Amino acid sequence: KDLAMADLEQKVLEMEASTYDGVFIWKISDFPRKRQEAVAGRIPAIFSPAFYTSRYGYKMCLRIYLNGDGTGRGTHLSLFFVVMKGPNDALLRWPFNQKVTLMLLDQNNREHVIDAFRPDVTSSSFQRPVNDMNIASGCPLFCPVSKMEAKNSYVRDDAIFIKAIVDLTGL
């Protein structure tokens, strides 16, 4: 009944959110609420649906901490990139070595928060996955909390937009 319908509804959800061109835009609604759950330690982080570099490419997802993680715990919004175990990993080049640009979109489209980084391939974060997800890599100090919590353009109508762009050069 449930391990029944539940699983099917989840598949459809994942399918509806997936992209296959290395470009993902993640709309996080109910910002205010999710924000406090983070601040209170109840739900520190959120995973995004999966997306890919190409139809049969790398599988990836984002991981965000509204009240921060690591060196940014309690002071910054922390945003991470996660390499997942993909159905076609046996056909891909490992380690993962594509530039990844992470963004928090300014809804007035004037000043987006942006961090473009090239993986340091020596990190285990980029090796071929053995588990469902590799260790995340990314930006612990992506965005100071003050920018997304009173007085400005990133939060609008209780929602924010996170964008990821995986550079496909070499693929």
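Residue numbers here begin at 1 and follow the sequence given.
Colleague: Given the B-factors recorded for C-alpha atoms, which segment has the greater mean, 36 to 44 or 56 to 64?
Modeller: Comparing 56 to 64 with 36 to 44, the higher mean C-alpha B-factor belongs to 36 to 44.
Colleague: Would 9 to 17 or 158 to 166 have the larger average of its C-alpha temperature factors, as given in the entry?
Modeller: Here the higher of the two C-alpha B-factor means belongs to 9 to 17.
Colleague: Based on the deposited C-alpha B factors for this chain, I'd like to know if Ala50 is in the lowest, middle or highest third.
Modeller: Answer is lowest: the recorded C-alpha B-factor places it there.
Colleague: Please place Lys27 in the lowest, middle or highest third of its chain by C-alpha B factor as given in the entry.
Modeller: Its C-alpha B-factor belongs to the lowest third of this chain's values.
Colleague: Is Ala136 in the lowest, middle or highest third of its chain when residues are ranked by C-alpha B-factor?
Modeller: Tercile = middle for this residue's CA B-factor.
Colleague: What third of the chain does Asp115 rank in for C-alpha temperature factor, lowest, middle or highest?
Modeller: Its C-alpha B-factor belongs to the middle third of this chain's values.
Colleague: Report the third (lowest, middle or highest) to which the CA temperature factor of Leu105 belongs, ranking only the modelled residues of the same chain.
Modeller: It falls in the middle third of the chain.
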